[PDB]
Structures are given as C-alpha cells and as structure tokens.
Amino acid sequence: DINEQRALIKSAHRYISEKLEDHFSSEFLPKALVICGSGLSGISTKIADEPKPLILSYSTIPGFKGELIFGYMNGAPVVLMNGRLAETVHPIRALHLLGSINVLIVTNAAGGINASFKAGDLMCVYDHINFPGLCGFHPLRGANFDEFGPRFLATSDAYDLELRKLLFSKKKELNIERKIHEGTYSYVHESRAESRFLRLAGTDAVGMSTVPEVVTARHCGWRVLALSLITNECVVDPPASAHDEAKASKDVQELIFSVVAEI
Amino acid sequence: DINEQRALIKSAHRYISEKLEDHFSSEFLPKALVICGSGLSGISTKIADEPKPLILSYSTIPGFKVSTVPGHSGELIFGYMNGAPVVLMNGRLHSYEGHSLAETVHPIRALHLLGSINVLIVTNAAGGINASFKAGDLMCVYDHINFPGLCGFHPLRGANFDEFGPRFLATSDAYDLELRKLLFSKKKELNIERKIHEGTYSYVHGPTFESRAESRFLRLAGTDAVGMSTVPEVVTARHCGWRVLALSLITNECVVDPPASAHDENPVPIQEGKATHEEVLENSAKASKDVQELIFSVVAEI
Amino acid sequence: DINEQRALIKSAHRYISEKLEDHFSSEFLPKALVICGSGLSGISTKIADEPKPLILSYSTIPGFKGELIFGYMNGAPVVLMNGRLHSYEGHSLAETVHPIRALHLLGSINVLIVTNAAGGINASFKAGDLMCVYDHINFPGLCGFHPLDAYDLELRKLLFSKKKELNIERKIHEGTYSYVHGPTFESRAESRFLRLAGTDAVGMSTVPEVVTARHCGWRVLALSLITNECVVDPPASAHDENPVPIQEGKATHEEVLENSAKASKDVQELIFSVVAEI
Ligand SMILES: O=c1[nH]cnc2c(C[N@@H+]3C[C@H](CO)[C@@H](O)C3)c[nH]c12
Ligand SMILES: O=c1[nH]cnc2c(C[N@H+]3C[C@H](CO)[C@@H](O)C3)c[nH]c12
C-alpha cells in the first residue's frame, strides 16, 4: 500500500525529470508549485513564452488520477498545476523529489462566511480548520512516509508569515484596490444553519480544496502561501417562520506574478 | 461482516483462553483491562514477577492488528499487579495508522469473552485545550466529545453485537463516579502532589497536531484536552457493560492564539510553542512514575 | 457502480409499478410519500379500506435493504414507508434513500412528509412536544457522507393551520434538526456542543432523505417528535459530597419508543389532514 504508493511517486518523478531534461537546455529546478483553483487558470498566461514551457497532461504521468506546466514566471522557474486523499496529493510528493521546490502557492474559490466579506474580495489564508481530517479522511492517514516528513506534523505554523507579508506588500505596490482580508479557511467535503455553524466555529471562508495540499506540502517541509477568492457571501439568517407575515483572477495573477520574483 | 467479526472475536478469545489455561495453575480471571498510552509503557513494570506473567504479542493473536510503529508492535500482558489479576494492553492501535475503528477496539471484545473483566482503565497523552492546564498535569476524564462519531466514524457502526450490549448506548453516564473518587483517594493516600484536574477529553483522528483554529474550535465546543485515541475504547467497553476510569496526561499546551498577522509590528513567530512528538514522549516519561503508582493502587480496590 | 446503481433503481421501479398495475383497478399514482419514523407505524391505520391497500415487504423489492404501503388516505393516494434505514446500521447513505429514488420513477409524487423521533437540545423543549423542521445541520455531510430552501414554507404553514383547525393542544416548535450518525446517545458535552452550534433537536436520520427528495424535485415537510430532553449538565465531580448520580435522566430506546407512541395519535391526525391539501 505505501510500497506501491512510493513506487508510483518514484515513477512519476522518473517520468517528469526525464521530460524536463529533454525539454530544457539548462537544468530546470522549479522554486515553487502554483496550484490554480477554479476560475484562476489564467495564472498560466503569466508563464513566459521563452524558453518554451513544458506541458504534461496528467493522463501521461504515472499514477496521476488537467496538466502540469513547467516554465518561467517573472524570472523564476515554477510548476503550475492546472486543475486538481493520498492520491490527490501524490503530485506534491512526486514533485518534491525534484529537490528544488520550497514553496506551495495555492489559490481557490471559496464561500464567504465572515460577515465582513463581500463577493470579489480576496482572503489570504493564515489558518485552517480541516474538518474531514479531524474525523477520519486525512491525507497523512496510513503508514508515514518517513523519507518525506514526521509521523506527527504540527499545523500551528502552516502559513508562513513572511510570504503573507510579501503578498500584502505587493498589493500595496501595484496599488490593487481589491479588498484583501486575512483569515481562516475551513475545508469541508449549504444550509443557513450550517453556514451559521461554520461562522461560530471560527470559519472566515469555506471550500472543498486546498487544505489536503497544504498539509502534504508542510509534511514535505515546504513553505505555504494560500489565497482564496470569495465568490459569494453565504447566508446565515434563519428561513422564514411559518408564523411570519473574472476581474478577480487578473488581480490574483498579478499578485502571484509579483510574489514569485521574491520567492 | 458481523458473522465474520464474531468468528474473529471468538477465535481471538479461544487462543487467549487456551494460552492462559496452560500458563497459570489457577484460573486467570483479570478484573481490569489497563490500556497504556504514549510514553506510559512503564506501567508494565508494576506486574509482579510471581506468578510468572504471560506475554502475548499482537502479531500472534487472531484479529489483532499490530502497530505500524516500530518496534513497539504491541502486546497483551497477563499478570498480577498489587495482587490483582489484570491484563495490560501495552500499546494501542490508532485509526490514523490506517486501522478501522472496529479493528482498534477488537481486543476489548475478545477480552470481554473471558467473562471476568468489569473495568477499563485507559491512559493517554493529550494536548491541553483548557487554558489553566499545564504540561505535567493529569486530567481525570469525566466526559468526552466524539466529534468523529457524530460525523460518521463510530466504533459501533454496523449490525449490533446483541450478545454484548444494546443497539443504543447512552454516554451521559460513561465515566463511573466511584472510580474517579477512588483515583483521587489514591492520590491522597500516596501523597502525590501532581495536579489531577477533572474534565472533558475530545477524540480527533490525527495524525497532525491541531492548528490554532482547530484548537479554538475544540475549546469553544467544550474540550479540556484533545487526543487521538481513547474515546472509541471507552464507548466499546461501555457497550460491553464495563465501568471505565480514564486518565489523561497533559503533555503539551495546545497553541490557540491567532498566528501573527501580516499587519503586526512586532510579530510572535508562528513556530513558537509548536507541538512535537519528542515533547509528548519526554513529558510522558516525567509523569510515568506517578501514573504507575496511581494505577497500581487503584487495581487493588476494584 | 453508477450506471449499475441506476439499474437497481429501475429494477425497483419496475417491480413496484407492476405490482401496482396488478393490484389496483384504476391507475394508482401516489402524490405523497410518508416516511414513518420511530414508533410511528400507526400512520398505517389512516389508510382507507376501499380500495384495498397494497403492502410490499422491503425484502421482496429489488435493492431495498419494513414495508411499503400504497393506498388512499383522506382521499389522497399516498405511499407510506413503514420503516426507514439508518446509516448507523452499516448501510450506505445511498442504500438508505434507494426507496425514494425508486418511487420518484413513478413520476407522480411531489411531496415528502417525513417524521422522526429526536432528542430535545433547545432548553425550552419538553418530551412530548413536536418540532416542525425548518433547517438542518448535516454533520456526516461535513466529511462527505452523502446520499447522492429545503423545508417548504407553505407546507409548514399548512401544518400549523391544521393544528389550529384540529384543536391539537400539543406544542409544535419550529427549528433546526441536527443529523448525527449514532448509534450512541449524545454525551453531556456533545449535547452542549450541539446547542451552541444552533441545534434545536438531534436525531440520526431524515436529512439524507430530505436532500434526496429535494434532488428529485419534491417539496418536503419534516416533523420531529421530541421524545426525551438531552442531558447537558456536567456530570458529578469526584469532589462533590452531594453528587447527582450520573445515570439520572439518561436516554434509552425504551423511553424513545414509549414517547413516540404517546404523540402518535396527534401526529397521525395532522398528517391525515395535511395530505388532503397537498
Ligand atoms: O437523544 C437523541 N439523540 C439522538 N437521536 C435521538 C432519537 C432518534 N432516534 C431514535 C433511535 C434511538 O432511540 C434512534 O434511531 C435515534 C431520539 N432521541 C435521540
Ligand atoms: O496536542 C495534541 N493533540 C493531539 N493529540 C495529542 C497527544 C496524544 N498523542 C500522542 C501521539 C503524538 O505525540 C499521538 O499518538 C497523539 C498528545 N498531545 C496531543
């Protein structure tokens, strides 16, 4: 089970590393993996046309259940995951074997739970609640990959302070007027009562991605920067009583483009 | 399948029972199962040399799964502690290792069939969520939160073992009052100064330590200490009709403050105070002698 | 699995549809499905004698893991589910809602009326009160357990108008039902948690049926019978010299069944009145 998972991770790396060497004139050693969430596939446009980026379809990569994009962004070599529990984070581990990536930048679309948030706002993630992981669906469940990281991983330090300071500094410099908050992302696998529960539980934004990748990247020792696009404000007010009578993506693109040059 | 689970339970029992009958000259009828938590395997040193104890490796008993952790694979130790026949589970299984909850509590079912055990004494290490707790303190468990259980991961899911207990088990009475009073009486008798709080333990799956927001969530939900075991064993023992005494060692203080903000002028490093397994083990080791002596005293009076 | 799940649902519909054709002289097209929860089998007595109702045991219907009763109630053609399935029994959520998906294929049902027993979490509720459900919290759904605006306002108003018309004194609250997996009754700390989470009543069923009915395009009316008041007080401390016994007030299935049966006549009268205006 872990033996087969290890072999598939090594096969994926083996394949990827070979394709890089055949494609690039110099060693390609990406400093970051960028995961483009829903509606944010335009991050790819920010990849320079020279040298010609390398594109591998997931179908072609051993053990990948979409495409991987290898190229330069603002002078830095990166990999983009265009589209996306053990198997869902397999790509992170396969890419870790390249031995160059030290930052995961992950973007997603999320529902606004914090009452201050409005659609179109951004939220830099500085904490998370991994609801399925508290219960029994967890990317690290099973035998530990001892070569990658520890059996018991702290997550109180999951969201790098310097990367967050960097993101905000870059926003003020490109003078982006879009609202950006800092808060807690809750991962779940939506009623008024459930949204109310999420709010009182401490949720600022909610969605069904990101956290398993953040946990897996942290397990590998990477730094993590995570950014949510608030697509809508969830309603928390009770139903009526029977007794009664893509502008965002553009901004995300430029933020990330700026960020990676200092990564 | 339940008829498959019954067969595995009956098989484990038969193996264990036959081992005992061949090892001890008097019928061995343990009154308590003691489950030893992280860093507390020292409890086994309280088993007397005479009569010779019996040690059964998990790897040799049907249905038992071994730890994925080397080389602590886990063993059942049958012997006399302070004159009382007991069985110790030296090592427990955790669901984060990849075992089903049913697998982690199978030994309780198998041992129930000996027909003598009426008390579970369960120990564990836990992170302190209650702000007043400090590493080194003990907490006597008088209540729990089974959040994974509410959400679909429950050791009693499936056809009910009607031979053992009710389809619908109350848990508002899970933590016997007289055993908790016994525990505190022994603290007094032994002049142990270590604090023993009383409070609520929450089971979470792991294997990550909790984020700040998760810990804040557990806190607002009423958690005093958090760990990755114990609750499914308690529930299963209760299903079998045993009384339960549960004792947590607070091995670390969960970090619950919001992380440094990007806007903060003098930020606290987000790594400050982070939990590590090494801190848990070293703190378990420091408190082990007190835990050993408390249990040694308790088993003579059950 | 999925293109085969579809086959089992069609197989169930074929079985049922032919049994109905064989049984009734005129086309029988039920407009409501009533799911009879814990201790509420008495609904069956409200089915009229003429035309004779058809009973189908769950054991003879393809894919069903109880009985289905097809007949007229207060002039309305309905189906009753006498017995429901629960995830704590080891059944997948898909298996627990299979009967709804099969019956949807008749193309005639447009209302689910679902009843259940529930523990009272709201401090003001008493055993014997009813609660009309207007919202829910799906706890297993947080982890992705899933069978595949929910609770019709006009049906809720209809329920209250019938309580008034029938002079039923029994209290009917309106509030939030929390679905938790079971099969244990909640600990004191768990019940206090549910209360702070916004729960008014707690139970181990219903939500997956509601979600499935909505997916099939049906309106939903859900009624909980409060059968017991959940214990919330912290248990006796070892330091208390005058402790309240930890067993005091504990939930039992016996209490649930007895209290379900006591409220059953009122619930039957309500549902009987409602289906005629569905
Ligand atoms: O206090 C409660 N907690 C959770 N569920 C129920 C229920 C509902 N049903 C009743 C049945 C156990 O009596 C089981 O299927 C859950 C009644 N009271 C409670
Ligand atoms: O802060 C905590 N959170 C969750 N569990 C534990 C435990 C119990 N542990 C011990 C072990 C990790 O150190 C693992 O099996 C769960 C001690 N401290 C904490």
# chains A, B, ... in the order shown; residues from 1 in each chain; ligands from 1
>>> closest_atom_pairs(of="chain C", to="chain A", cutoff="7 Å", atoms="only C-alpha atoms", output="JSON lines")
{"residue": "C:134", "atom": "CA", "partner": "A:239", "partner_atom": "CA", "distance": 6.8}
{"residue": "C:135", "atom": "CA", "partner": "A:193", "partner_atom": "CA", "distance": 6.3}
{"residue": "C:136", "atom": "CA", "partner": "A:193", "partner_atom": "CA", "distance": 6.1}
{"residue": "C:137", "atom": "CA", "partner": "A:194", "partner_atom": "CA", "distance": 5.2}
{"residue": "C:141", "atom": "CA", "partner": "A:189", "partner_atom": "CA", "distance": 7.0}
{"residue": "C:142", "atom": "CA", "partner": "A:188", "partner_atom": "CA", "distance": 5.3}
{"residue": "C:143", "atom": "CA", "partner": "A:132", "partner_atom": "CA", "distance": 4.7}
{"residue": "C:144", "atom": "CA", "partner": "A:189", "partner_atom": "CA", "distance": 4.5}
{"residue": "C:153", "atom": "CA", "partner": "A:242", "partner_atom": "CA", "distance": 6.3}
{"residue": "C:156", "atom": "CA", "partner": "A:242", "partner_atom": "CA", "distance": 5.8}
{"residue": "C:157", "atom": "CA", "partner": "A:242", "partner_atom": "CA", "distance": 5.0}
{"residue": "C:197", "atom": "CA", "partner": "A:197", "partner_atom": "CA", "distance": 5.3}
{"residue": "C:198", "atom": "CA", "partner": "A:197", "partner_atom": "CA", "distance": 6.8}
>>> residues_around(residues="residue 108 in chain C", least_positions_apart="5", cutoff="6 Å", atoms="only C-alpha atoms", output="PyMOL selection string")
chain C and resi 29-31
>>> interface_residues(of="chain A", to="chain B", cutoff="9 Å", atoms="only C-alpha atoms", output="PyMOL selection string")
chain A and resi 126-138+140-144+150-166+168+182+184+200-203+215
>>> residues_around(residues="residue 275 in chain C", least_positions_apart="6", cutoff="12 Å", atoms="only C-alpha atoms", output="number ranges by chain")
C: 30-34, 46-47, 72-80, 109-113, 155, 158-159, 162, 221, 268-269
>>> write_last_selection(atoms="N, CA and C atoms", output="PDB file, in the first residue's frame")
ATOM      1  N   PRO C  30     -49.452   7.793  -6.550  1.00  0.00           N
ATOM      2  CA  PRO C  30     -49.307   8.458  -5.249  1.00  0.00           C
ATOM      3  C   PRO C  30     -48.780   9.879  -5.392  1.00  0.00           C
ATOM      4  N   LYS C  31     -49.323  10.816  -4.615  1.00  0.00           N
ATOM      5  CA  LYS C  31     -48.879  12.213  -4.668  1.00  0.00           C
ATOM      6  C   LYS C  31     -47.948  12.551  -3.525  1.00  0.00           C
ATOM      7  N   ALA C  32     -47.960  11.717  -2.491  1.00  0.00           N
ATOM      8  CA  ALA C  32     -47.078  11.939  -1.355  1.00  0.00           C
ATOM      9  C   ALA C  32     -46.455  10.623  -0.925  1.00  0.00           C
ATOM     10  N   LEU C  33     -45.208  10.700  -0.468  1.00  0.00           N
ATOM     11  CA  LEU C  33     -44.574   9.615   0.259  1.00  0.00           C
ATOM     12  C   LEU C  33     -44.492  10.044   1.723  1.00  0.00           C
ATOM     13  N   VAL C  34     -44.974   9.197   2.621  1.00  0.00           N
ATOM     14  CA  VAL C  34     -44.858   9.465   4.046  1.00  0.00           C
ATOM     15  C   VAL C  34     -43.886   8.477   4.664  1.00  0.00           C
ATOM     16  N   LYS C  46     -54.537   5.034   9.077  1.00  0.00           N
ATOM     17  CA  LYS C  46     -55.237   6.118   8.384  1.00  0.00           C
ATOM     18  C   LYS C  46     -55.495   5.817   6.901  1.00  0.00           C
ATOM     19  N   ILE C  47     -54.874   4.755   6.393  1.00  0.00           N
ATOM     20  CA  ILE C  47     -55.121   4.290   5.026  1.00  0.00           C
ATOM     21  C   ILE C  47     -56.505   3.664   4.950  1.00  0.00           C
ATOM     22  N   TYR C  72     -55.150   4.898  -0.192  1.00  0.00           N
ATOM     23  CA  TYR C  72     -55.737   6.225  -0.097  1.00  0.00           C
ATOM     24  C   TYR C  72     -55.826   6.679   1.356  1.00  0.00           C
ATOM     25  N   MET C  73     -55.378   7.902   1.629  1.00  0.00           N
ATOM     26  CA  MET C  73     -55.501   8.482   2.959  1.00  0.00           C
ATOM     27  C   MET C  73     -56.267   9.799   2.852  1.00  0.00           C
ATOM     28  N   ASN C  74     -57.414   9.889   3.519  1.00  0.00           N
ATOM     29  CA  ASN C  74     -58.249  11.084   3.420  1.00  0.00           C
ATOM     30  C   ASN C  74     -58.480  11.477   1.948  1.00  0.00           C
ATOM     31  N   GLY C  75     -58.745  10.476   1.110  1.00  0.00           N
ATOM     32  CA  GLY C  75     -58.991  10.684  -0.319  1.00  0.00           C
ATOM     33  C   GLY C  75     -57.769  10.831  -1.224  1.00  0.00           C
ATOM     34  N   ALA C  76     -56.584  10.980  -0.636  1.00  0.00           N
ATOM     35  CA  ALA C  76     -55.351  11.190  -1.414  1.00  0.00           C
ATOM     36  C   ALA C  76     -54.581   9.882  -1.607  1.00  0.00           C
ATOM     37  N   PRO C  77     -54.095   9.611  -2.834  1.00  0.00           N
ATOM     38  CA  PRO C  77     -53.293   8.391  -2.997  1.00  0.00           C
ATOM     39  C   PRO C  77     -51.884   8.646  -2.480  1.00  0.00           C
ATOM     40  N   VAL C  78     -51.398   7.796  -1.580  1.00  0.00           N
ATOM     41  CA  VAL C  78     -50.089   8.020  -0.973  1.00  0.00           C
ATOM     42  C   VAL C  78     -49.302   6.722  -0.902  1.00  0.00           C
ATOM     43  N   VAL C  79     -48.003   6.835  -0.640  1.00  0.00           N
ATOM     44  CA  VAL C  79     -47.194   5.673  -0.291  1.00  0.00           C
ATOM     45  C   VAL C  79     -46.686   5.934   1.089  1.00  0.00           C
ATOM     46  N   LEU C  80     -46.721   4.917   1.951  1.00  0.00           N
ATOM     47  CA  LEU C  80     -46.087   5.016   3.261  1.00  0.00           C
ATOM     48  C   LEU C  80     -44.865   4.121   3.315  1.00  0.00           C
ATOM     49  N   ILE C 109     -45.193  11.468  -7.355  1.00  0.00           N
ATOM     50  CA  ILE C 109     -45.037  12.034  -6.019  1.00  0.00           C
ATOM     51  C   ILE C 109     -44.463  13.452  -6.129  1.00  0.00           C
ATOM     52  N   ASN C 110     -45.036  14.414  -5.415  1.00  0.00           N
ATOM     53  CA  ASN C 110     -44.391  15.722  -5.366  1.00  0.00           C
ATOM     54  C   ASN C 110     -44.173  16.256  -3.947  1.00  0.00           C
ATOM     55  N   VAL C 111     -44.550  15.467  -2.944  1.00  0.00           N
ATOM     56  CA  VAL C 111     -44.295  15.825  -1.543  1.00  0.00           C
ATOM     57  C   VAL C 111     -43.713  14.670  -0.715  1.00  0.00           C
ATOM     58  N   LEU C 112     -42.635  14.948   0.012  1.00  0.00           N
ATOM     59  CA  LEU C 112     -42.185  14.055   1.082  1.00  0.00           C
ATOM     60  C   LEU C 112     -42.657  14.590   2.440  1.00  0.00           C
ATOM     61  N   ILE C 113     -43.404  13.772   3.173  1.00  0.00           N
ATOM     62  CA  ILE C 113     -43.703  14.068   4.562  1.00  0.00           C
ATOM     63  C   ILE C 113     -42.905  13.096   5.407  1.00  0.00           C
ATOM     64  N   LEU C 155     -46.003  24.431   3.184  1.00  0.00           N
ATOM     65  CA  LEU C 155     -46.367  23.213   3.913  1.00  0.00           C
ATOM     66  C   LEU C 155     -46.261  23.418   5.423  1.00  0.00           C
ATOM     67  N   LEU C 158     -49.281  25.181   6.411  1.00  0.00           N
ATOM     68  CA  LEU C 158     -50.398  24.238   6.344  1.00  0.00           C
ATOM     69  C   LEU C 158     -50.454  23.369   7.606  1.00  0.00           C
ATOM     70  N   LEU C 159     -49.298  22.913   8.059  1.00  0.00           N
ATOM     71  CA  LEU C 159     -49.215  22.110   9.276  1.00  0.00           C
ATOM     72  C   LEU C 159     -49.762  22.876  10.479  1.00  0.00           C
ATOM     73  N   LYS C 162     -53.549  23.326  10.335  1.00  0.00           N
ATOM     74  CA  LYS C 162     -54.236  22.094  10.715  1.00  0.00           C
ATOM     75  C   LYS C 162     -54.205  21.846  12.237  1.00  0.00           C
ATOM     76  N   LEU C 221     -41.948  18.327   3.933  1.00  0.00           N
ATOM     77  CA  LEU C 221     -42.424  18.705   5.262  1.00  0.00           C
ATOM     78  C   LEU C 221     -41.840  17.698   6.244  1.00  0.00           C
ATOM     79  N   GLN C 268     -50.585  11.472  13.611  1.00  0.00           N
ATOM     80  CA  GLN C 268     -51.444  10.849  12.609  1.00  0.00           C
ATOM     81  C   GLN C 268     -52.566  11.773  12.126  1.00  0.00           C
ATOM     82  N   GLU C 269     -53.223  12.455  13.060  1.00  0.00           N
ATOM     83  CA  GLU C 269     -54.331  13.363  12.734  1.00  0.00           C
ATOM     84  C   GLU C 269     -53.867  14.543  11.895  1.00  0.00           C
TER      85      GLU C 269
END
>>> residues_around(residues="residue 248 in chain C", least_positions_apart="5", cutoff="9 Å", atoms="only C-alpha atoms", output="PyMOL selection string")
(chain B and resi 172-173) or (chain C and resi 231)
>>> write_last_selection(atoms="N, CA, C and O atoms", output="short mmCIF file (atom, residue, chain, number, x, y, z; two decimals), in the first residue's frame")
data_model
loop_
_atom_site.label_atom_id
_atom_site.label_comp_id
_atom_site.auth_asym_id
_atom_site.auth_seq_id
_atom_site.Cartn_x
_atom_site.Cartn_y
_atom_site.Cartn_z
N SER B 172 -24.05 9.66 28.49
CA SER B 172 -24.10 10.64 29.58
C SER B 172 -23.64 10.04 30.93
O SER B 172 -23.42 10.77 31.91
N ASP B 173 -23.48 8.71 30.97
CA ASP B 173 -23.01 8.02 32.19
C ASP B 173 -21.76 7.19 31.95
O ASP B 173 -21.56 6.15 32.58
N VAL C 231 -29.39 15.23 28.05
CA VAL C 231 -28.69 15.62 29.27
C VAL C 231 -27.53 16.55 28.92
O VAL C 231 -26.69 16.21 28.09
#
>>> select_by_dssp(residues="range 181-210 of chain C", states="helix (DSSP H, G or I)", output="count of residues only")
13
